[PDB]
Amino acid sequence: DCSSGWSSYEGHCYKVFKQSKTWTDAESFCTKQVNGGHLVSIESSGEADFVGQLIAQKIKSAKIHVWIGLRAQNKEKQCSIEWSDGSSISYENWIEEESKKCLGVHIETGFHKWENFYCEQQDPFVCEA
């Protein structure tokens, strides 16, 4: 059983949200929509198919992507320990948006393949409980 507006699949409840938020705000927002809520987690082919189709029902634009709940915990820009020449990373000059540690799915693959995106980007998302 799921709250009004939420769709169920294998004992879980899902809901796509059209408002654009950063990965973090989206996650936080989900925790407040329903008890135990979080950004969606895709743990199997079946779930990926269901979530992909659910998303496709509301999102029909290609100018954005949809946030899923997988993210690289590390604060660093990258997790490599050294350059190909062995030297340590003692200097960086990244363009902020180029560090893509949050994942999302895009309409180009029918919302299936996980693509790396800049975490502070604002995009639609899916909550699961």
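Throughout, we count residues from 1 along the sequence that is shown.
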- Query: Do the CA atoms of 63 to 71 or those of 87 to 95 have the higher mean B-factor in the entry?
  - Reply: 87 to 95
- Note on the structure: With B-factors read from the PDB entry, the higher C-alpha mean of 97 to 105 and 77 to 85 is in 77 to 85
- Query: Which one, 10, 115, 120, 25, has the peak C-alpha temperature factor per the PDB entry?
  - Reply: 10
- Within this chain, which third does the Cα B-factor at residue 129 fall in: lowest, middle or highest? middle
- If you rank every modelled residue in this chain by C-alpha B factor, which third holds residue 35: lowest, middle or highest? highest
